[PDB]
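To be precise, the following lines are target_10.pdb, and they hold PDB, C-alpha atoms (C1' of nucleotides).
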```pdb
ATOM      1  CA  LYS A   3     158.635  93.006 159.706  1.00  0.00           C
ATOM      2  CA  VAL A   4     157.958  89.411 160.718  1.00  0.00           C
ATOM      3  CA  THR A   5     154.579  90.731 161.845  1.00  0.00           C
ATOM      4  CA  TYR A   6     153.790  91.023 158.143  1.00  0.00           C
ATOM      5  CA  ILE A   7     155.417  87.650 157.483  1.00  0.00           C
ATOM      6  CA  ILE A   8     153.630  85.534 160.091  1.00  0.00           C
ATOM      7  CA  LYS A   9     150.503  87.652 159.644  1.00  0.00           C
ATOM      8  CA  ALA A  10     150.709  87.283 155.859  1.00  0.00           C
ATOM      9  CA  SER A  11     151.257  83.523 156.208  1.00  0.00           C
ATOM     10  CA  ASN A  12     148.129  83.336 158.442  1.00  0.00           C
ATOM     11  CA  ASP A  13     150.244  82.409 161.494  1.00  0.00           C
ATOM     12  CA  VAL A  14     151.502  79.089 160.093  1.00  0.00           C
ATOM     13  CA  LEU A  15     155.050  80.082 161.063  1.00  0.00           C
ATOM     14  CA  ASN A  16     157.091  81.307 163.996  1.00  0.00           C
ATOM     15  CA  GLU A  17     159.742  84.014 164.120  1.00  0.00           C
ATOM     16  CA  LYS A  18     162.691  81.647 163.599  1.00  0.00           C
ATOM     17  CA  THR A  19     161.528  80.407 160.201  1.00  0.00           C
ATOM     18  CA  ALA A  20     160.237  83.930 159.549  1.00  0.00           C
ATOM     19  CA  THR A  21     163.692  85.513 159.602  1.00  0.00           C
ATOM     20  CA  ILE A  22     165.146  82.363 158.027  1.00  0.00           C
ATOM     21  CA  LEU A  23     162.495  82.803 155.326  1.00  0.00           C
ATOM     22  CA  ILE A  24     163.697  86.402 154.927  1.00  0.00           C
ATOM     23  CA  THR A  25     167.196  84.981 154.505  1.00  0.00           C
ATOM     24  CA  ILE A  26     166.143  82.373 151.917  1.00  0.00           C
ATOM     25  CA  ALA A  27     164.091  84.847 149.903  1.00  0.00           C
ATOM     26  CA  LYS A  28     166.853  87.406 150.482  1.00  0.00           C
ATOM     27  CA  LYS A  29     169.520  85.614 148.438  1.00  0.00           C
ATOM     28  CA  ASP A  30     168.655  82.984 145.857  1.00  0.00           C
ATOM     29  CA  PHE A  31     169.930  79.406 146.287  1.00  0.00           C
ATOM     30  CA  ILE A  32     172.124  80.228 149.277  1.00  0.00           C
ATOM     31  CA  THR A  33     173.648  77.508 151.467  1.00  0.00           C
ATOM     32  CA  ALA A  34     172.120  76.590 154.811  1.00  0.00           C
ATOM     33  CA  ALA A  35     175.537  77.138 156.407  1.00  0.00           C
ATOM     34  CA  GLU A  36     175.145  80.820 155.587  1.00  0.00           C
ATOM     35  CA  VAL A  37     171.664  80.645 157.115  1.00  0.00           C
ATOM     36  CA  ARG A  38     173.107  79.193 160.316  1.00  0.00           C
ATOM     37  CA  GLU A  39     175.869  81.793 160.066  1.00  0.00           C
ATOM     38  CA  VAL A  40     173.408  84.706 160.034  1.00  0.00           C
ATOM     39  CA  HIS A  41     171.382  82.866 162.699  1.00  0.00           C
ATOM     40  CA  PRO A  42     173.905  82.204 165.492  1.00  0.00           C
ATOM     41  CA  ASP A  43     171.069  82.398 168.026  1.00  0.00           C
ATOM     42  CA  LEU A  44     169.492  79.270 166.539  1.00  0.00           C
ATOM     43  CA  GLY A  45     170.926  75.788 166.712  1.00  0.00           C
ATOM     44  CA  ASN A  46     171.977  73.726 163.732  1.00  0.00           C
ATOM     45  CA  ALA A  47     168.991  71.380 163.972  1.00  0.00           C
ATOM     46  CA  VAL A  48     166.856  74.385 164.941  1.00  0.00           C
ATOM     47  CA  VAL A  49     167.594  75.997 161.578  1.00  0.00           C
ATOM     48  CA  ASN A  50     167.308  72.542 160.009  1.00  0.00           C
ATOM     49  CA  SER A  51     164.000  72.141 161.843  1.00  0.00           C
ATOM     50  CA  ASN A  52     162.716  75.420 160.390  1.00  0.00           C
ATOM     51  CA  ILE A  53     163.871  74.334 156.940  1.00  0.00           C
ATOM     52  CA  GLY A  54     162.083  71.102 157.832  1.00  0.00           C
ATOM     53  CA  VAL A  55     158.963  73.240 158.225  1.00  0.00           C
ATOM     54  CA  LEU A  56     159.407  75.109 154.933  1.00  0.00           C
ATOM     55  CA  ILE A  57     160.217  71.868 153.109  1.00  0.00           C
ATOM     56  CA  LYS A  58     157.322  70.344 155.068  1.00  0.00           C
ATOM     57  CA  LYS A  59     155.153  73.162 153.755  1.00  0.00           C
ATOM     58  CA  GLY A  60     156.892  72.800 150.387  1.00  0.00           C
ATOM     59  CA  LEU A  61     157.706  76.509 150.184  1.00  0.00           C
ATOM     60  CA  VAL A  62     161.509  76.399 150.276  1.00  0.00           C
ATOM     61  CA  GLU A  63     163.107  73.528 148.403  1.00  0.00           C
ATOM     62  CA  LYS A  64     166.491  72.367 147.159  1.00  0.00           C
ATOM     63  CA  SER A  65     168.194  72.641 143.802  1.00  0.00           C
ATOM     64  CA  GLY A  66     170.943  70.189 144.502  1.00  0.00           C
ATOM     65  CA  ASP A  67     172.417  72.417 147.195  1.00  0.00           C
ATOM     66  CA  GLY A  68     169.863  75.070 146.253  1.00  0.00           C
ATOM     67  CA  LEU A  69     167.471  76.690 148.710  1.00  0.00           C
ATOM     68  CA  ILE A  70     164.681  78.938 147.430  1.00  0.00           C
ATOM     69  CA  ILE A  71     160.990  79.689 148.002  1.00  0.00           C
ATOM     70  CA  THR A  72     158.196  79.046 145.514  1.00  0.00           C
ATOM     71  CA  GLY A  73     155.720  81.518 144.076  1.00  0.00           C
ATOM     72  CA  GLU A  74     153.102  81.128 146.794  1.00  0.00           C
ATOM     73  CA  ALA A  75     155.586  82.030 149.520  1.00  0.00           C
ATOM     74  CA  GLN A  76     156.658  84.784 147.124  1.00  0.00           C
ATOM     75  CA  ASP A  77     153.062  86.008 147.250  1.00  0.00           C
ATOM     76  CA  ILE A  78     153.282  85.895 151.037  1.00  0.00           C
ATOM     77  CA  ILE A  79     156.377  88.110 150.852  1.00  0.00           C
ATOM     78  CA  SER A  80     154.774  90.505 148.363  1.00  0.00           C
ATOM     79  CA  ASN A  81     151.678  90.746 150.545  1.00  0.00           C
ATOM     80  CA  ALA A  82     154.007  91.387 153.487  1.00  0.00           C
ATOM     81  CA  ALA A  83     155.643  94.296 151.672  1.00  0.00           C
ATOM     82  CA  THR A  84     152.159  95.326 150.543  1.00  0.00           C
ATOM     83  CA  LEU A  85     150.897  95.705 154.107  1.00  0.00           C
ATOM     84  CA  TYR A  86     154.304  97.138 155.026  1.00  0.00           C
ATOM     85  CA  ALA A  87     153.576  99.745 152.368  1.00  0.00           C
ATOM     86  CA  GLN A  88     150.102 100.264 153.822  1.00  0.00           C
ATOM     87  CA  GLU A  89     151.449 100.859 157.324  1.00  0.00           C
ATOM     88  CA  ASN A  90     155.102 101.907 157.029  1.00  0.00           C
ATOM     89  CA  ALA A  91     155.684 103.510 153.613  1.00  0.00           C
ATOM     90  CA  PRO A  92     152.311 105.108 152.833  1.00  0.00           C
ATOM     91  CA  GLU A  93     153.312 107.700 150.235  1.00  0.00           C
ATOM     92  CA  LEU A  94     155.542 105.171 148.466  1.00  0.00           C
ATOM     93  CA  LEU A  95     152.278 103.445 147.570  1.00  0.00           C
ATOM     94  CA  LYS A  96     150.971 106.296 145.417  1.00  0.00           C
ATOM     95  CA  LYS A  97     149.769 107.008 141.880  1.00  0.00           C
ATOM     96  CA  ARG A  98     150.328 109.844 139.401  1.00  0.00           C
ATOM     97  CA  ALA A  99     148.166 111.303 136.630  1.00  0.00           C
ATOM     98  CA  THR A 100     146.524 108.995 134.092  1.00  0.00           C
ATOM     99  CA  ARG A 101     145.730 109.717 130.445  1.00  0.00           C
ATOM    100  CA  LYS A 102     142.131 109.400 129.229  1.00  0.00           C
ATOM    101  CA  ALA A 103     143.160 109.812 126.251  1.00  0.00           C
ATOM    102  CA  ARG A 104     141.119 111.221 123.404  1.00  0.00           C
ATOM    103  CA  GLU A 105     137.994 113.412 123.471  1.00  0.00           C
ATOM    104  CA  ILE A 106     135.438 113.720 120.660  1.00  0.00           C
TER     105      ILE A 106
ATOM    106  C1'  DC B   1     161.339  -3.411  88.288  1.00  0.00           C
ATOM    107  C1'  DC B   2     164.942  -1.649  86.418  1.00  0.00           C
ATOM    108  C1'  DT B   3     168.051  -0.645  83.398  1.00  0.00           C
ATOM    109  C1'  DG B   4     168.127   2.634  79.482  1.00  0.00           C
ATOM    110  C1'  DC B   5     166.835   6.564  76.167  1.00  0.00           C
ATOM    111  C1'  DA B   6     163.885  11.126  75.403  1.00  0.00           C
ATOM    112  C1'  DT B   7     162.510  15.343  76.718  1.00  0.00           C
ATOM    113  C1'  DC B   8     161.865  19.104  78.830  1.00  0.00           C
ATOM    114  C1'  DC B   9     161.698  22.160  82.067  1.00  0.00           C
ATOM    115  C1'  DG B  10     165.116  25.290  84.698  1.00  0.00           C
ATOM    116  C1'  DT B  11     168.967  28.583  84.546  1.00  0.00           C
ATOM    117  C1'  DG B  12     172.706  31.706  83.964  1.00  0.00           C
ATOM    118  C1'  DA B  13     175.388  34.765  80.018  1.00  0.00           C
ATOM    119  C1'  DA B  14     125.765  55.128  81.905  1.00  0.00           C
ATOM    120  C1'  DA B  15     123.395  58.094  83.912  1.00  0.00           C
ATOM    121  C1'  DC B  16     120.685  59.906  87.265  1.00  0.00           C
ATOM    122  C1'  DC B  17     118.220  60.798  91.862  1.00  0.00           C
ATOM    123  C1'  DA B  18     118.316  61.371  96.483  1.00  0.00           C
ATOM    124  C1'  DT B  19     119.825  62.067 100.863  1.00  0.00           C
ATOM    125  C1'  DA B  20     122.578  62.831 104.449  1.00  0.00           C
ATOM    126  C1'  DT B  21     126.770  65.018 106.245  1.00  0.00           C
ATOM    127  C1'  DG B  22     130.316  66.521 107.837  1.00  0.00           C
ATOM    128  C1'  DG B  23     134.130  68.326 106.775  1.00  0.00           C
ATOM    129  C1'  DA B  24     135.837  71.756 104.548  1.00  0.00           C
ATOM    130  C1'  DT B  25     135.502  76.581 103.754  1.00  0.00           C
ATOM    131  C1'  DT B  26     134.129  81.309 104.818  1.00  0.00           C
ATOM    132  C1'  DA B  27     132.851  85.326 107.819  1.00  0.00           C
ATOM    133  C1'  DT B  28     132.782  87.470 112.267  1.00  0.00           C
ATOM    134  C1'  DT B  29     134.128  88.732 116.431  1.00  0.00           C
ATOM    135  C1'  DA B  30     136.998  89.057 120.987  1.00  0.00           C
ATOM    136  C1'  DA B  31     141.596  89.334 122.469  1.00  0.00           C
ATOM    137  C1'  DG B  32     145.788  91.041 122.222  1.00  0.00           C
ATOM    138  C1'  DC B  33     149.686  93.596 120.806  1.00  0.00           C
ATOM    139  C1'  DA B  34     153.342  96.393 119.341  1.00  0.00           C
ATOM    140  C1'  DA B  35     153.710 100.876 118.787  1.00  0.00           C
ATOM    141  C1'  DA B  36     152.664 105.401 120.223  1.00  0.00           C
ATOM    142  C1'  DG B  37     151.851 108.976 123.394  1.00  0.00           C
ATOM    143  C1'  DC B  38     150.973 111.594 128.251  1.00  0.00           C
ATOM    144  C1'  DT B  39     153.171 112.302 133.099  1.00  0.00           C
ATOM    145  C1'  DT B  40     156.759 112.858 136.359  1.00  0.00           C
ATOM    146  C1'  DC B  41     161.961 112.304 137.838  1.00  0.00           C
ATOM    147  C1'  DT B  42     166.448 112.681 137.131  1.00  0.00           C
ATOM    148  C1'  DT B  43     170.518 114.786 134.362  1.00  0.00           C
ATOM    149  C1'  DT B  44     173.101 117.790 132.098  1.00  0.00           C
ATOM    150  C1'  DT B  45     174.085 122.808 130.905  1.00  0.00           C
ATOM    151  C1'  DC B  46     175.311 127.734 131.642  1.00  0.00           C
TER     152       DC B  46
END
```
Translate the structure of the given file into structure tokens.
Amino acid sequence: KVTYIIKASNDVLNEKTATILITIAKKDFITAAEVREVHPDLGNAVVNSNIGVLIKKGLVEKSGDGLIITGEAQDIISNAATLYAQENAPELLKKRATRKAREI
DNA sequence: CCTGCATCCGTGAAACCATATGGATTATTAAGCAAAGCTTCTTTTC
């Protein structure tokens, strides 16, 4: 899960901003009060510190009240589900028959 | 010199040679593209 996140980010993160990053990429332009709501274990300035890291890294930014990742963090998520497909859903990553097509 | 008349000017109702030259035009090809067509997964029927 966050193994693929922090591993896919080359360990630039910790688990707090990992699951917060799952929350931000999970619903587009959500409020940080919902982030603190689904993270009751973390403090208000702990969540705001982790958003200070993602803003500090420039991944998650605002749109007025908006909160969303950029495309590079999106590539980190898609690599995370890629390795999650390599190790957790192996037959989901498959391929069917391919047409040639035409023969002389 | 300055008063006094005249006027008059405005003002409206050839051909060629040569030499670059580059920009304009044409051809030629790589990319791409919409449309078609396999391949498998559901969906509907008896």
Separation of atom CA of residue 86 of chain A from atom CA of residue 35 of chain A in Å: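 Taking atom CA of residue 35 of chain A and atom CA of residue 86 of chain A, their separation equals 29.2 Å.
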What's the separation between atom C1' of residue 35 of chain B and atom CA of residue 99 of chain A, in Å to one decimal place?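 Atom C1' of residue 35 of chain B sits 21.4 Å away from atom CA of residue 99 of chain A.
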Any idea what the distance is between atom CA of residue 36 of chain A and atom CA of residue 70 of chain A?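 For atom CA of residue 36 of chain A relative to atom CA of residue 70 of chain A, the distance reads 13.4 Å.
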Using only C-alpha atoms (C1' of nucleotides), which residue out of A:103, A:48, A:14, A:61 lies closest to chain B?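 For chain B, the nearest of the given residues is A:103.
Nearest residue to chain A among B:46, B:41, B:17, B:5 is B:41, counting only C-alpha atoms (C1' of nucleotides).
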Using only C-alpha atoms (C1' of nucleotides), what does the table of chain A residues within 12 Å of chain B look like, with each row giving the shortest atom pair and its distance in Å to one decimal, sorted by chain and ascending number, as CSV?
```
residue,atom,partner,partner_atom,distance
A:97,CA,B:40,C1',10.7
A:98,CA,B:39,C1',7.3
A:99,CA,B:39,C1',6.2
A:100,CA,B:39,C1',7.5
A:101,CA,B:38,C1',6.0
A:102,CA,B:38,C1',9.2
A:103,CA,B:38,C1',8.3
A:104,CA,B:37,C1',11.0
```
Smallest atom-to-atom distance to residue 78 of chain A: which of A:64, A:58, A:3, A:9, using only C-alpha atoms? A:9
Selection in question (the file shown): the PyMOL selection byres ((chain A and resi 83) around 12). Which residues does it include, as a ChimeraX atom specification? /A:3-7,9-10,24,76-82,84-92,94-95
With 8 Å added on each side, what axis-aligned box encloses every listed atom of segment 21-26 of chain A? Give the centre and edge lengths in Å to one decimal, as AutoDock Vina command-line options.
```
--center_x 164.8 --center_y 84.4 --center_z 155.8 --size_x 20.7 --size_y 20.0 --size_z 23.7
```
